[PDB]
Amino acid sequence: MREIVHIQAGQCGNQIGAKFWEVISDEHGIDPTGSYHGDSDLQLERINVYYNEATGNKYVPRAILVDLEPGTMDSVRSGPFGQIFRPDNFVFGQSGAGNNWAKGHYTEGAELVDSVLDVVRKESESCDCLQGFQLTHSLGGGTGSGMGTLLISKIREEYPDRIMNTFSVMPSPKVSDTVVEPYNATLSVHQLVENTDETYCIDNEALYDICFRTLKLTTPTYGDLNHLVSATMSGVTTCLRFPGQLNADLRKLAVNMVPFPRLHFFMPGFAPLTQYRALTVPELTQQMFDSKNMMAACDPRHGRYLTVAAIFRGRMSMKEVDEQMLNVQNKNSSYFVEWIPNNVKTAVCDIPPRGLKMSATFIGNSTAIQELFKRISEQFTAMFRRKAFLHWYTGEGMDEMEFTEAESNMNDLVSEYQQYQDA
């Protein structure tokens, strides 16, 4: 039945993961106790994708919670919808990964991984027809970055043919915890380029800018950034959670969105950025393609679009939707590749998210994403040229050779992206 197992690891992974469940639980009418209280059968028709049905018309998120420190775990368990999560699926250690990729991937994480796999394996046995896994995590810490990528490799070893889908938060000096985030992120991008089928790049720098420059918020918190992440996550999974003309799953999504295997990093976008005045469909499509609405700091105009998928939610003129999309394309055809015919697809969905009359969600595969990796790479080299802070890693058993490899593999990625920009 196209069931998806959700895994959320680390502090960021659990806070955005936790908001995701709060939002989609709402859209499906599930209350914090897991009892259906909605008004439409549409809310229950794909409910088996993300929720496992317990006896007593009870719905339980098919979600696994992972962390090396017990804090955020307790934070979620007492948050709004904390009770809705299955207690057996809170796997957490005590030591913490100290924002150290090596601790999460090799030393501290290794002691806990098998515990997580037993829950993963448990939730999968409970699936008529497992579709794939999805993982929320940050790339610049330790548990999400390192243990996350470690789980993604262990899961691909036991489930070599399921789909691996991650929402990956990229680090930025504007919202920074420690200086070693380029190290943690470069080691992880390496893993992602090899063991995931689809990755949504959610760039904290972009999030910061959207809050600061557009929403007019001098002092943005992680709570403001996550509001945008959950909006986007809800929109990207619409076709998975609600009925529509579109009889598609994550594999069909990857076959059409990923023309070459290593280029599976997606630029997400959302409109309107969070209103009394209603938006117009021309306005929704106008913003969706605007650089200022991309959740990844890359100017789409600096590169070309390989594949585009847009999802409109709301009760709207499907004809006008279609007219406006062909306008943009015919208005920006110099930013789409001519060698992939008809590479901009649109899905409409009648259920609008709570709070908005209608919205659009943008999923782009664009060569401009290289700017993001170039940025990560510039900040990596500045430190690595002098081997600053390496001792936090070499003291956990890692060697410099492994940093050299990740950096090299990342530059290749940037090269691949730029090879298809001059087609």
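Between two forms, the rigid core is defined as the largest C-alpha subset superposing within 1.5 Å. The first residue of the shown sequence is 1; numbering continues from there.
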Between stretches 242 to 250 and 294 to 302, more displaced by Cα RMS in 7 other deposited structures of this protein (rigid core superposition):
242 to 250
Between 31 to 39 and 393 to 401, which one strays more from this form in 7 other deposited structures of this protein if you match the rigid core and compare Cα atoms?
393 to 401
Flanks modelled, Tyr276 absent in at least a third of other entries:
yes
Mind giving me a quick count class for deposited residues absent from the model between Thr274 and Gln275? Options are none, 1 to 3, 4 to 9, 10 or more.
4 to 9
Mean Cα B-factor comparison, 311 to 319 or 195 to 203, giving the higher one as deposited
311 to 319
Mean C-alpha temperature factor, higher of 81 to 89 and 100 to 108
81 to 89
Highest Cα B-factor in the deposition, which of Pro341, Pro352, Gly269, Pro182?
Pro352
Kindly indicate the residue among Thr394, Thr367, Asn52, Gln379 with the greatest C-alpha B-factor in the PDB record.
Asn52
Binned into thirds over the chain's modelled residues, the C-alpha B-factor of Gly141 lands in the middle
So, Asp41's CA B-factor, relative to its chain, sits in which third? The highest
For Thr186, does the deposited CA B-factor place it in the lowest, middle or highest third of the chain?
lowest
Going by the recorded CA B-factors, say which third of the chain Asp67 sits in, lowest, middle or highest.
lowest
On the chain's distribution of Cα B-factors, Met401 falls within the third called highest
